[PDB]
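Written out below as structure tokens is the structure these notes cover.
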Amino acid sequence: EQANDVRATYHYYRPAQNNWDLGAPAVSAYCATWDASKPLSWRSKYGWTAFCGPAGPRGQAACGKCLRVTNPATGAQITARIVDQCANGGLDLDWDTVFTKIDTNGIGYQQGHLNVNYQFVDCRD
């Protein structure tokens, strides 16, 4: 749940693509079947993270809490929303929410990875 100095990768999957209708065959995220059906409001209100990695194993009773993300190097920090869990080593199904916001002066893009700190946080929506 609490990992620091993480040599993080940047696999930011692309939600928006299909208005978050994850139900769409080829995608099907953990809560897709339940969440894809929520009116655009909540869905877009916050960002989006189908989460993955090594530390922070939270799949089952996870689709309800948030993941806080900070970049010590620049000071950039945001609150993420744990929606799904992947098994191939990504990070999040962002594209526009965490990386795309806490990206630095291109470092992240120039390398394909960065060093961050993330802690599980409850957003109690």
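Just so we're on the same page: first chain in the structure tokens is A, next is B, and so on; residues restart at 1 for each chain, and ligands are numbered from 1 in the order they show up.
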For this session: Could you give me, as a ChimeraX atom specification, the residues within 7 Å of residue 4 of chain A, counting only C-alpha atoms and dropping anything in the same chain fewer than 6 positions from it?
Result: /A:116-118
Extract, using only C-alpha atoms, all DNA, RNA and protein residues at most 10 Å from residue 20 of chain A, discarding same-chain residues fewer than 2 positions from it, and format them as a PDB file with N, CA and C atoms, in the first residue's frame.
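Once everything was written out, this is part.pdb:
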```pdb
ATOM      1  N   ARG A  14      -5.081   4.193 -22.326  1.00  0.00           N
ATOM      2  CA  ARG A  14      -5.999   5.285 -22.859  1.00  0.00           C
ATOM      3  C   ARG A  14      -7.567   5.181 -22.719  1.00  0.00           C
ATOM      4  N   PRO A  15      -8.117   5.594 -21.597  1.00  0.00           N
ATOM      5  CA  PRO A  15      -9.600   5.480 -21.307  1.00  0.00           C
ATOM      6  C   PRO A  15     -10.512   6.162 -22.355  1.00  0.00           C
ATOM      7  N   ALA A  16     -10.493   7.471 -22.266  1.00  0.00           N
ATOM      8  CA  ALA A  16     -11.250   8.440 -23.133  1.00  0.00           C
ATOM      9  C   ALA A  16     -11.669   7.813 -24.466  1.00  0.00           C
ATOM     10  N   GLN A  17     -10.660   7.228 -25.062  1.00  0.00           N
ATOM     11  CA  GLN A  17     -10.736   6.513 -26.370  1.00  0.00           C
ATOM     12  C   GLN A  17     -12.183   6.123 -26.722  1.00  0.00           C
ATOM     13  N   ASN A  18     -12.777   5.362 -25.844  1.00  0.00           N
ATOM     14  CA  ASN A  18     -14.179   4.904 -26.057  1.00  0.00           C
ATOM     15  C   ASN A  18     -15.086   5.335 -24.869  1.00  0.00           C
ATOM     16  N   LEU A  22     -15.543   0.629 -21.043  1.00  0.00           N
ATOM     17  CA  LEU A  22     -14.615  -0.503 -20.883  1.00  0.00           C
ATOM     18  C   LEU A  22     -15.288  -1.856 -21.183  1.00  0.00           C
ATOM     19  N   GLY A  23     -16.603  -1.871 -21.170  1.00  0.00           N
ATOM     20  CA  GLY A  23     -17.373  -3.127 -21.462  1.00  0.00           C
ATOM     21  C   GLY A  23     -16.892  -3.668 -22.823  1.00  0.00           C
ATOM     22  N   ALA A  24     -16.546  -2.756 -23.691  1.00  0.00           N
ATOM     23  CA  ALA A  24     -16.039  -3.035 -25.078  1.00  0.00           C
ATOM     24  C   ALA A  24     -15.057  -4.264 -25.181  1.00  0.00           C
ATOM     25  N   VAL A  27     -11.251  -4.768 -24.060  1.00  0.00           N
ATOM     26  CA  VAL A  27     -10.756  -4.042 -22.834  1.00  0.00           C
ATOM     27  C   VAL A  27     -11.115  -4.702 -21.496  1.00  0.00           C
ATOM     28  N   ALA A  32     -15.420  -2.749 -15.017  1.00  0.00           N
ATOM     29  CA  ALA A  32     -16.081  -2.271 -16.290  1.00  0.00           C
ATOM     30  C   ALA A  32     -17.606  -2.537 -16.301  1.00  0.00           C
ATOM     31  N   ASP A  35     -19.069  -0.210 -13.640  1.00  0.00           N
ATOM     32  CA  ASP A  35     -18.654   1.213 -13.843  1.00  0.00           C
ATOM     33  C   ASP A  35     -18.930   1.810 -15.228  1.00  0.00           C
ATOM     34  N   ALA A  36     -18.628   1.088 -16.274  1.00  0.00           N
ATOM     35  CA  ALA A  36     -18.873   1.601 -17.653  1.00  0.00           C
ATOM     36  C   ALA A  36     -20.295   2.209 -17.758  1.00  0.00           C
ATOM     37  N   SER A  37     -21.202   1.682 -16.975  1.00  0.00           N
ATOM     38  CA  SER A  37     -22.636   2.140 -16.954  1.00  0.00           C
ATOM     39  C   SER A  37     -22.936   3.392 -16.093  1.00  0.00           C
ATOM     40  N   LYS A  38     -21.967   3.926 -15.399  1.00  0.00           N
ATOM     41  CA  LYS A  38     -22.218   5.140 -14.551  1.00  0.00           C
ATOM     42  C   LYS A  38     -22.291   6.423 -15.418  1.00  0.00           C
ATOM     43  N   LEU A  40     -21.491   9.679 -17.138  1.00  0.00           N
ATOM     44  CA  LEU A  40     -20.238  10.456 -17.402  1.00  0.00           C
ATOM     45  C   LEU A  40     -19.677  11.290 -16.246  1.00  0.00           C
ATOM     46  N   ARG A  43     -17.295   9.328 -13.643  1.00  0.00           N
ATOM     47  CA  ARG A  43     -16.292   8.791 -14.624  1.00  0.00           C
ATOM     48  C   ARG A  43     -15.207   9.814 -15.031  1.00  0.00           C
ATOM     49  N   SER A  44     -15.664  10.962 -15.453  1.00  0.00           N
ATOM     50  CA  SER A  44     -14.751  12.078 -15.894  1.00  0.00           C
ATOM     51  C   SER A  44     -14.397  13.057 -14.750  1.00  0.00           C
ATOM     52  N   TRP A  48      -8.290   8.790 -13.898  1.00  0.00           N
ATOM     53  CA  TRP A  48      -8.526   7.356 -14.121  1.00  0.00           C
ATOM     54  C   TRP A  48      -7.287   6.536 -14.090  1.00  0.00           C
TER      55      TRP A  48
END
```
DSSP on the backbone, strand (DSSP E or B) only: what residues of chain A does that give? Format it as a compact mmCIF listing (two decimals) with C-alpha atoms, in the first residue's frame.
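Resulting contents of selection_18.txt:
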```txt
# COMPACT_ATOMS: atom_id res chain seq x y z
CA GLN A 2 2.82 2.50 0.81
CA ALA A 3 5.84 2.34 -1.57
CA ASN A 4 8.49 5.11 -1.93
CA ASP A 5 11.46 5.78 -4.30
CA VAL A 6 9.80 3.63 -6.95
CA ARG A 7 11.63 3.47 -10.27
CA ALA A 8 8.23 3.72 -11.98
CA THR A 9 7.47 2.87 -15.61
CA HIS A 11 2.20 2.60 -18.91
CA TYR A 12 -0.71 4.97 -19.01
CA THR A 49 -6.17 4.68 -13.11
CA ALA A 50 -6.57 0.97 -14.05
CA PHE A 51 -3.62 0.27 -11.66
CA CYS A 66 -7.71 6.28 -4.55
CA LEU A 67 -3.93 6.17 -5.13
CA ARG A 68 -2.04 9.43 -4.26
CA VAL A 69 0.91 10.12 -6.69
CA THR A 70 3.90 12.56 -6.13
CA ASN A 71 7.12 13.49 -8.07
CA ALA A 76 4.18 17.70 -8.98
CA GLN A 77 1.45 15.69 -7.17
CA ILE A 78 -2.13 14.47 -7.82
CA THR A 79 -4.90 12.17 -6.39
CA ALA A 80 -5.66 9.06 -8.54
CA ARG A 81 -8.76 6.78 -8.62
CA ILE A 82 -8.00 3.00 -8.48
CA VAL A 83 -10.56 1.57 -10.97
CA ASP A 84 -8.88 -1.59 -12.32
CA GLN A 85 -5.90 -3.90 -11.75
CA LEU A 91 0.99 1.61 -13.62
CA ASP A 92 -2.31 3.10 -14.53
CA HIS A 113 9.94 5.97 -16.79
CA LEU A 114 10.34 8.20 -13.64
CA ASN A 115 10.87 8.05 -9.83
CA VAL A 116 7.73 8.65 -7.78
CA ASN A 117 6.10 8.01 -4.42
CA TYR A 118 2.53 6.64 -4.18
CA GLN A 119 0.37 5.96 -1.09
CA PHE A 120 -3.17 4.43 -1.04
CA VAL A 121 -5.63 7.25 -0.17
```
For this session: Rounded to one decimal place, report the atom CA of residue 10 of chain A-atom CA of residue 75 of chain A distance in Å.
Result: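 Computing the Euclidean distance for atom CA of residue 10 of chain A and atom CA of residue 75 of chain A yields 17.7 Å.
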For this session: Quick one: pick out all helix (DSSP H, G or I) residues within segment 3-122 of chain A from a backbone DSSP run and write them as a list in words.
Result: residues 16, 17, 18, 32, 33, 34, 35, 40, 41, 42, 43, 44, 45, 60, 61, 62, 99, 100, 101, 102, 107, 108, 109, 110 and 111 of chain A
